[PDB]
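Student: Need the 3D shape of this:
(one chain, ligands or ions: 3)
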Amino acid sequence: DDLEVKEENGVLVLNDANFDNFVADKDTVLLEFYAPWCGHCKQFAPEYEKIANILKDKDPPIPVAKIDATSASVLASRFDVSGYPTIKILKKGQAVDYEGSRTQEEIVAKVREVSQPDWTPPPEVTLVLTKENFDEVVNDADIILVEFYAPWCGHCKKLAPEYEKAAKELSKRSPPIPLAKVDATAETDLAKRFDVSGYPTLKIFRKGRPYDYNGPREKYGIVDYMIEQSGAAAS
Ligand SMILES: [Cl-]
Ligand SMILES: [Zn+2]
Ligand SMILES: [Zn+2]
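Tutor: Numbers count the residues shown, from 1 in each chain. Ligands and ions are numbered 1, 2, ... in the order given. Take a look:
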């Protein structure tokens, strides 16, 4: 957890202590999460070094970094890293999953694609609420689940992906069931209104009235709770 960002063969070394300092002003960063004891990480290491050197030499350069997930537990938690090597591209501070091959040609091409100023992530099914539209959305929905989250909160990240997955399955229903989220650190006035004092905080709204959500936080369970609570008890 040293403050210094060292470079090892062209590749920056990031850890729980220096990660935010380093990435906060970078539009695009390539990340590798590895474990010291992983043979496949060791085999990939020279290829990742070649990638770092290719991306350093384009105009403008794109930083390439590695993280030891076994000692950077906070980061591995934030990025929901379970297996190695895991590659991610950080674009304006948000993680994009890389599921392709561990080759220079594919990784460099994808990095260059996401680095483009007009590149956008796939749109998400989950509704974004702010003080401007919160009431209009919530009051018109027969039932709606709302997650109040803080971007700074590490323990939350493990199941943030499950929430989007649940939202996608629930939107394909007749009638569709909406899931929404509220960034409580940005939306301080909504957070106070609903007495948000900790995270995650999930609330079900039924005809505009809030109820604490005490269901499960895994995809299948969120989907089932919501289906059953909407009036399909046998489903
Ligand atoms: Cl209606
Ligand atoms: Zn209506
Ligand atoms: Zn059920």
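
Student: rest of the way, CA atoms for contacts and neighbours
Tutor: Fine.

Student: Can I get the one helix or strand residue 111 maps to as PDB, trimmed to CA atoms?
Tutor: Residue 111 is part of helix 104-115 when elements are defined by DSSP states H and E. Extracted in PDB, the C-alpha atoms of helix 104-115 (Å, rounded to 0.1, in the frame of the first residue of the first chain):
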ATOM      1  CA  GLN A 104      -1.900  -7.500 -27.900                       C
ATOM      2  CA  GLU A 105      -4.000  -7.100 -31.100                       C
ATOM      3  CA  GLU A 106      -7.400  -7.500 -29.500                       C
ATOM      4  CA  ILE A 107      -6.600  -5.600 -26.300                       C
ATOM      5  CA  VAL A 108      -5.000  -2.600 -28.100                       C
ATOM      6  CA  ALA A 109      -7.900  -2.400 -30.500                       C
ATOM      7  CA  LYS A 110     -10.500  -2.400 -27.800                       C
ATOM      8  CA  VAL A 111      -8.600   0.100 -25.700                       C
ATOM      9  CA  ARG A 112      -8.400   2.500 -28.700                       C
ATOM     10  CA  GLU A 113     -12.100   2.000 -29.300                       C
ATOM     11  CA  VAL A 114     -13.100   2.800 -25.800                       C
ATOM     12  CA  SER A 115     -10.700   5.700 -25.600                       C
END
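
Student: What are the contacting residues of it?
Tutor: 27-28, 30, 47-48, 50-51, 54-55, 89, 91, 100-101, 119-120 (CA atoms under 8 Å, 6 or more residues apart in numbering).

Student: Of those residues, which belong to strands?
Tutor: The members of the contacts of helix 104-115 that map onto strands under DSSP state E are 28, 30, 89, 91.

Student: ok, the third one touching residue 121?
Tutor: What it means is residue 89. No: Residue 89 lies out of contact with residue 121 (CA atoms under 8 Å); the separation is 11.3 Å.

Student: Which one's more surrounded, these two?
Tutor: residue 89 (22 against 10; other CA atoms under 10 Å).

Student: Roughly how far does that one sit from residue 158?
Tutor: For residue 89, the distance to residue 158 (CA to CA, to the nearest Å) stands at 18 Å.

Student: follow-up on the earlier one: as CSV, the ones in strands among the contacts of helix 104-115 with distance to ligand 3 would be great.
Tutor: Output for these, formatted as CSV (distance: CA to the ion, whole Å):
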residue, distance to ligand 3
28, 42
30, 41
89, 37
91, 38
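
Student: Next to ligand 3, which bits of this protein? Give me the list.
Tutor: Applying CA under 5 Å from the ion, we find that the chain lies next to ligand 3 at 224, 235.

Student: where along the chain do the strands fall?
Tutor: For the chain, applying DSSP E gives strands covering 6-8, 11-14, 28-34, 64-68, 86-91, 94-97, 127-128, 143-149, 179-183, 201-206, 209-212.
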